[PDB]
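Written below as structure tokens is the structure these notes are about.
Which chain is which? They are A, B, C, D, E, F and G, in the order written, and residues in each are numbered from 1.
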């Protein structure tokens, strides 16, 4: 079986039934098969939020460079909403939001139902069964294609990449003090002397 | 190097009466040395065995970690603030930071107590798993010789090679323990780096000794 | 370094006021005696100690309040960041070592005599050899503590613990 | 069945002082009319100051 | 009046009966214990509530039990 | 006993730093701790539509009111 | 003396002795190294 390290033997509980299995579980976190189904949902979920979060974090830089709008930087938006107004796509008549606590309240109030419904497996107040959803289909799959194990592996794989990417964005922004594409531009200019190990 | 009743012993050929009875050559590094009788109780002997291996393995990483940043600063031009082992530590004091490989984008740690508290918490977990012999990383095969995740290359699979390598481990461990005790006493007496101590005795085999410091006591 | 609105005792005027006030009292008492007499010598020893003590507090980075008296810092983060760990944090470790020692010695002696014929006679007449042995072997008490904890020999099981009608 | 004279039992009568504690069996009565046939002796005296008590079989774990 | 009740854990040692200062308890025949007697409380109109019987009883949680109730001149121990 | 023996400097006088921290976060500037409402640069302070803050800070840094009294040993 | 040491082993004697030593030690430390705050 393909594994994360040359020759490395898989655990007993990681067999290969589920997409993305490369026998990686040193810390033995999926011994309990009850916790493994939750973790599997959490992995895909974390993945999908990372992918959307990556795209949404590149969008200010791209829209800046292509002359679409002067959006704030991803690490500045909460500061902008806190001190001034957050105007959608530059346009001061769009959204124009000014108070960070009302944004947070709204975020809990909108995402609460949606999150409960996701967990419950339906638009109801009690879970249908003891199983996580993860691949709903129906309205969430308008193009009528999917849930094949190859596509699932494609989701898992891009997800994992985006989560490592997102960690990148956080650390980069702290260290370099500038935007992510700016960091790419810096490395592409002079790679021997615009990197981490050069000081 | 071996086990059994006719293994190497600590007084060499003249080691007839020099071996206590309870040391029957079952465990690695038995040269029949126990002159204070500490291991006469066999539960105490299991304890001490684990302790000798814990001190040893820590001593090995220690001596490597006390020498490596000095060597990196000497050989290569890595600009450590105070690269000596007994002077490292104070770097995080005052307003200074700790930068891995003297690169201020690497750890950039300035909070001593946050460092220490994280260490104690991590160790309280990992040492409690060690003592229990079961934890996240699995159940131990032997308390001192866990195996599993701890042996990823499978070098303990062969029984005879494992039996030898236990003797290699305990002998390197003992040396490292004497090294570390060396480092401590050298710093306490000479006040200089241990690579400077070596350089001073390489330049001059003669007076540059412990018997240049002994007259001052 | 002045933190929390406090001044260092080394550069506090109220600190000096206090030292003056104590030394002046001692001078007044000395007026009554003769410069060579032994009460005089006693009051001089007292005054010496006093000035020494204030000097010590001055070169210890202690922090004075508006009253001019030293104040202790007990958050460990503040203590370690501003060099005040000797006020509470080191004493903590020191107390917790000695309290763990006393506990360990007491528990040990009790578990030892509990296997005797009349265990209650060994509580009112102390087995002094046994007690001294335990007192001196218990200097490494975290060995026993972490062993008992991790193994499971620290706690009695609930089934063996007497309890009321609940 | 009864415990053997000299065996060790654990009391399971909740109102007793010796609940969850271990005692020695001294005597078992064999008549069926007796309501508490087993005599148990304990090391720890109760608040009354007695150390012995009669028990039924359904109040002991042996 | 107070209420004195006897429960089936009695072992017929007669100690409660001996203890009682107002003759409330007596021993009647029974087959539930080796001594073949149980305590009983016919004259509870004469019980003063002293609880001497419960102090005498040697069973683990007493077999005799006095529940104090309504006072009368008899139970209140009055010579007036 | 320290007061009785004429040595008030040997009292144990622990500062209440955790309550002084909370007071600092509410806007008291007597402890020089500069956090939350006592820092000018914080999000909590610079919250645009705060607007209760000038009144509040006037009140909390006035000795006459009992709005968070100063505290010590 | 044949049971005198057993008398000295009884709880109030051992207590008086132990407190006396422990007290004496703390007094002597507070003679040599006074005024630790």
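The rule is simple: a contact is a pair of C-beta atoms (placed from the backbone, for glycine too) under 8 Å apart; a residue touches a chain by one contact, two chains touch by 3 or more.
Per UniProt, the chains are E = Photosystem I iron-sulfur center; G = Photosystem I reaction center subunit IX.
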Inset, instruction - Count how many hops through touching chains it takes, at the least, to reach chain F starting from chain A. - result: 1
Inset, instruction - Report which of B-C and C-F is connected by more C-beta pairs in contact. - result: C-F
Inset, instruction - Pick the chain whose C-alpha centre of mass, unweighted, sits closest to the average of all protein C-alpha coordinates shown. - result: C
Inset, instruction - Measure off the straight-line distance from the CA centroid of chain E to the CA centroid of chain G, and report it in whole Å. - result: 54
Legend entry - Distance between chain centroids, defined by C-alpha means - chain B, chain G (Å): 42
Inset, instruction - Round to the nearest whole Å and give the separation of the Cα centres of chain A and chain G. - result: 68
Inset, instruction - Starting from the mean Cα coordinates of chain D and chain E, work out the distance between those two points in Å. - result: 24
Legend entry - Per-residue multi-chain contacts in chain A, two or more chains: none
Inset, instruction - Any chance you could list the residues of chain C touching two or more other chains? - result: 53, 57, 70, 72
Legend entry - Residues of chain D whose C-beta touches two or more other chains: 15, 17-18
Inset, instruction - Provide the residue numbers of chain G that touch chain C in the complex, in ascending order. - result: 6, 9-11, 14, 34-35, 37
Inset, instruction - Sort out for me which residues of chain C touch chain D in the complex. - result: 159-163, 165
Legend entry - Partner chain G, residues of chain C touching it in the complex: 49, 53, 56-57, 62, 70, 72, 87, 123-128
Inset, instruction - Within their complex, state which residues of chain F touch chain C. - result: 6-15, 17-18, 20-21, 30-33, 72-73
Legend entry - chain C partner contacts - residues on chain D that touch it in the complex: 14-15, 17-21
